[PDB]
Structure formats: C-alpha cells, structure tokens
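Comments concern the structure below.
Positions are given from 1 along the sequence. Because only heavy atoms are used, hydrogens play no part in the values below, and waters and symmetry mates are left out as well, while side chains stay in.
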Amino acid sequence: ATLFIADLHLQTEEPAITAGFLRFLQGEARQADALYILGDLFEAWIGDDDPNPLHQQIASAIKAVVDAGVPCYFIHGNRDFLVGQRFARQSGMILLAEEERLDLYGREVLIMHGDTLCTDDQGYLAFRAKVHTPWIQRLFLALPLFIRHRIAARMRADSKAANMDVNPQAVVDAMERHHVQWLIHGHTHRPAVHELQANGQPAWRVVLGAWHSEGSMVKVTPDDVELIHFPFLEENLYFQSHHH
Ligand SMILES: CC(=O)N1CCc2cc(S(=O)(=O)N3CCN(c4cc(C(F)(F)F)ccn4)CC3)ccc21
Ligand SMILES: [Mn+2]
Ligand SMILES: [Mn+2]
C-alpha cells in the first residue's frame, strides 16, 4: 500500500496538527511501501537555514520513517516551494519534480501538488511565476534571515487582504500529456474522487484533504484506491450513562 498526504500546513501555532502528523508517522507510515507528500507540508518556508525548531522536529520524525525502511518523497507546494536539498538530507526525503508519473501496482498515476491546474486564478499565476523565477529565489535566499522573515510576514498579510478550483481542461491536458488514467493531487482542499475521460478512456482525479480538524490520506493498494479521514490524536473511549 502506498500513502499520499498533502496540505498539512504545519506551523508552531497549531501544535495539534504537528502531534497528529507525528502519530501518523509512528503508526500508519511505518507499514507503507512508500510515503508521498504532495506539497504544503509547512505553512511557510524561507530557506533551509531557518533554525525554527519545528523544522528539526519534523525532519527527525520523517528520517525515522525513512530509517525504518519506508522511502519518502516530496513535491513542493505553493506554500513551501523553497524546501531544498539541505532539508531533504536532514529528513531522508527525496525531492521530486512538480509533475511525476508512478507505477502503483500496475496502474500509471500522475502526481502533483495541483496548484498549476488552477489556470483561472490569474492573480495566483502571476504571483507563482514571480517567486518561482530562479534568480528571484536565489536573491531572496541570500538575504539575512531576519530580512526574509519580515518580507514573508508582509507578503502573507498582503495576500489575506487581497482575498480557486482547478480548470477541467487543464486536468485533461496533463492526463493526456502523461497518458495516464489516474491523477492524485492536493492544494484545493476539496477531498473528492472525480470521474472524467482522458485518452478516450475513463479517467479519475483523486483530491486530498487539508489537515484542518482531522487528518486525510489516500492509500493505494493493488485492489483499490482509498480516501481516508481520521482524527489527529488517539481519541480514548469513555461511556456516558444515557437512559432508555
Ligand atoms: C498564493 C501563495 O502561495 N502565497 C501568498 C503569500 C505567500 C507567502 C508564502 S511564505 O511566507 O512561506 N514565503 C514568502 C516569501 N517567499 C519568497 C519571496 C520572494 C521575493 F521576496 F523575492 F519576492 C522570492 C522567493 N520567495 C518565500 C515564501 C508562501 C506562499 C504564499
Ligand atoms: Mn494547501
Ligand atoms: Mn497549496
């Protein structure tokens, strides 16, 4: 069974999500053939030299899964597109490109974060092209940490004040470029299974959920595809004395 997660948005202000991810890693992920994280693991990222302790805690927990024999892969999200090869080494995770095609027990599956499918949000596309320009990233990463913190906090406030689903033709385009009948992504926070047609045959798009009140994962076995929602922490059972 292969596991897919996305859109956790880990941040120190939300310790329950972090505790839920740690429990996931020490329970579900240890039994997997592989773990794919399709972007937005963290709520923000300004470079791998950030001494934010949460980054180290998360890196050590993933590395433990990797050391238990479960390979771990990461595709960048729109929030954490600056995760680099230093963090990859500390966590044992492999960085993948923005589009990848996998063989999952015989079925060809395309995986991506999903933000590049949102071709109607032309404000987002302009922002994305900017911060994904290599010379603009290198210039930003070369600034002092305290400068990068101030820039990022200001850009986050500017986006909340300036406040989309995928384009259907963009879905078909990618699934036909890669000649696949299965696509897995996140980003939209709308967990669903969508049926469509691609390459003259039935096709499916599986969307992950964000970790808001509960966790979410897609599990792919040789027999089925599973969208699974679960609580973060171990919810102990206790009884209330209801009356007939
Ligand atoms: C829509 C969206 O995706 N948004 C909205 C707002 C925001 C904030 C962060 S961030 O806080 O994590 N952060 C901000 C600063 N980033 C930069 C900045 C520059 C430069 F200053 F040169 F333009 C270059 C390269 N990267 C890294 C990421 C992530 C994502 C999104
Ligand atoms: Mn997200
Ligand atoms: Mn996203």
Side-chain angles (χ1 to χ4, degrees), residues 2-22 24-25 29-30 32 34-59 61-88 91-100 102 111-116 127-128 130-153 155-156 184-187 208 210-211 215 217:
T2 303
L3 300 182
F4 296 85
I5 60 181
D7 291 294
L8 281 81
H9 311 108
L10 298 172
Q11 59 185 103
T12 47
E13 292 108 346
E14 300 292 345
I17 295 157
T18 298
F21 184 45
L22 289 174
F24 167 87
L25 290 183
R30 305 287 179 112
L35 171 59
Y36 290 80
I37 310 182
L38 309 187
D40 281 5
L41 180 57
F42 300 94
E43 170 78 348
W45 198 270
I46 59 165
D48 297 349
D49 44 4
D50 189 350
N52 186 342
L54 175 62
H55 298 175
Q56 285 322 114
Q57 285 154 8
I58 290 306
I62 296 173
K63 179 69 145 100
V65 175
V66 170
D67 288 337
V70 178
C72 287
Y73 306 93
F74 181 75
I75 289 183
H76 290 88
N78 64 295
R79 306 297 300 192
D80 45 15
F81 60 89
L82 287 185
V83 174
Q85 282 284 350
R86 172 157 174 205
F87 182 82
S91 59
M93 263 202 317
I94 284 148
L95 306 182
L96 304 174
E98 72 177 62
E99 280 166 25
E100 292 282 12
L102 316 167
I111 64 165
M112 68 180 72
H113 181 60
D115 63 313
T116 47
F127 177 92
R128 184 189 194 282
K130 198 208 282 142
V131 299
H132 280 81
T133 302
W135 71 262
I136 297 190
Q137 296 188 330
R138 290 183 218 130
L139 168 78
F140 175 81
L141 286 166
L143 295 166
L145 267 170
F146 74 108
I147 302 292
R148 282 177 271 150
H149 266 296
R150 276 144 85 141
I151 295 173
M155 294 175 52
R156 287 195 295 269
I184 308 172
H185 73 81
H187 176 67
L208 283 151
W211 294 44
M217 71 177 98

Work out which heavy atom in [X] is nearest to a heavy atom in [Y]; give both atom names and the distance.
X      : Y      : answer
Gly47  : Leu141 : CA-CD2, 3.6 Å
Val70  : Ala32  : CG2-O, 3.4 Å
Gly92  : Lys63  : N-CD, 4.0 Å
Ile17  : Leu8   : CG2-O, 3.7 Å
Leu95  : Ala88  : CG-CB, 3.9 Å
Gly186 : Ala6   : CA-CB, 4.5 Å

[X] versus [Y]: any side-chain heavy-atom pair under 4.5 Å?
X     : Y      : result
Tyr73 : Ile111 : no
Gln57 : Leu10  : no
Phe81 : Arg128 : no
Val65 : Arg30  : yes

_Once side-chain contact (heavy atoms from CB on, under 4.5 Å) is applied, do any residues pair with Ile151, and if so which ones, sequence neighbours excluded?_
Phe140, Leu143, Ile147, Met155
*For the side chain of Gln56 and the backbone of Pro53, is there at least one donor-acceptor N/O pair under 3.5 Å apart?*
no
*Taking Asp80 for the side chain and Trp45 for the main chain, is one N or O donor matched with an acceptor at less than 3.5 Å?*
no
*To the nearest 0.5 Å, how far apart are CD1 in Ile75 and CD1 in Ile94?*
12.5 Å
*Euclidean distance, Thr18 OG1 relative to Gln11 CD, rounded to 0.5 Å*: 8.5 Å
Run the side-chain donor-acceptor check on residues 34-43: report pairs under 3.5 Å with partners two or more places apart or on a different chain.
| unit_1 | atom_1 | unit_2 | atom_2 | d |
| --- | --- | --- | --- | --- |
| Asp40 | OD1 | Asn78 | N | 3.3 |
| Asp40 | OD1 | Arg79 | N | 3.0 |
| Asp40 | OD2 | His9 | NE2 | 3.3 |

_Of all pairs that satisfy salt bridge (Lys or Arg N to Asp or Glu O under 4.0 Å), the ones with a partner from residues 132-143, not counting sequence neighbours_ = none
*Are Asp50 and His149 close enough, and set up right, to give a side-chain contact (heavy atoms from CB on, under 4.5 Å), and what steps lead you there?*
CA-CA 9 Å; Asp50 189 350; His149 266 296; 4.0 Å; yes
